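Take a look at this single chain, the form deposited in one PDB entry, given in structure tokens.
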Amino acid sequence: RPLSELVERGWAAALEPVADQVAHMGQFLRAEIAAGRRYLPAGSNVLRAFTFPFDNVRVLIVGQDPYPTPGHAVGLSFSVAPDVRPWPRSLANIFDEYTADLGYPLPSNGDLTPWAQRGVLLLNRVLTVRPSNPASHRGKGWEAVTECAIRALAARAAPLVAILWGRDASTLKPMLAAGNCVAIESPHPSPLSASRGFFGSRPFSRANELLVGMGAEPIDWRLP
């Protein structure tokens, strides 16, 4: 099916170069299901980050791959449905850095939709995973799709801050080598990496300063 039926029109146009590759991922996922290998998030959420406008992205957050526990991943990186408790460990760590950085109260729930509505792209390098099996779809073809997405954002030459969480930061910095783009990296907020440099990294305020430096508006990070 055309990308216009799956994602927002700006993103469908941006992802043109990889439309074949998306179709290929569709076929891969169907074959996974036929083989009894379920994946997460749900099909209809795989491309959810791309359903918010391409032209409005001011901050890109890039994680690794989706939550591996059924019931967590929703297609916006790090987000969960509002009724999910406990929060997954990465999100609880995100939220503690949020309060330390911004001084806002702990959020009421784990739903990051407000960020997505305000120009934050909640991306993962790999857009699917098998239950209970982190990184199990690494190297299966998403990387070309997400590379196109990152490079197409950069190519707009609009103010853009990328927050790179975890191992793929190095790989990714060159994709953001363009005017009006800044990439900032840290270790990932996951259980055993967060205390190796995610905590104390102050990404929210930093992104805002960098945006304002460039003449852009800051993100209102405040969650209900």
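Sequential numbering from 1, following the sequence displayed. Take the two forms, superpose them, and find the largest set of C-alpha atoms that agree within 1.5 Å; that set is the rigid core.
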Check your understanding: Taking the recorded C-alpha temperature factors, which stretch has the higher mean, 202-210 or 16-24?
Key -> 16-24
Review point. Out of 64-72 and 172-180, which stretch has the higher average CA B-factor listed in the record?
Key: 172-180
Review point. Which one of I163, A42, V57, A35 shows the top CA temperature factor in the record?
Key: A42
Practice item. Identify, among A152, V145, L106, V120, the residue whose C-alpha carries the highest B-factor in the deposited PDB entry. Key: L106
Check your understanding: Within this chain, which third does the Cα B-factor at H188 fall in: lowest, middle or highest?
Key -> lowest
Check your understanding: Ranked by Cα temperature factor within the chain, is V129 in the lowest third, the middle third or the highest third?
Key -> lowest
Revision key, fill the gap. Temperature factor at the Cα of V84, chain-ranked in thirds, falls in the middle
Study note, to complete from the structure: Split the chain's modelled residues into thirds by Cα B-factor; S136 lands in the highest
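Beyond what is shown, the protein has a form deposited in another entry; the following relates to that form.
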Review point. Which is the one residue in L47, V182, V57, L29 whose C-alpha moves 2 Å or more between the shown form and the other one, relative to the superposed rigid core?
Key: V182
Review point. After the core is overlaid between the shown form and the other one, has the C-alpha of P191 moved by 2 angstroms or more?
Key: yes
Check your understanding: Relative to what is shown, are the Cα atoms of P189 and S77 closer or farther apart in the other form, where the gap shifts by 3 Å or more?
Key -> farther
Practice item. Might you say whether the CA atoms of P187 and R125 end up closer or farther apart in the other form than in this form? Their distance differs by 3 Å or more. Key: farther
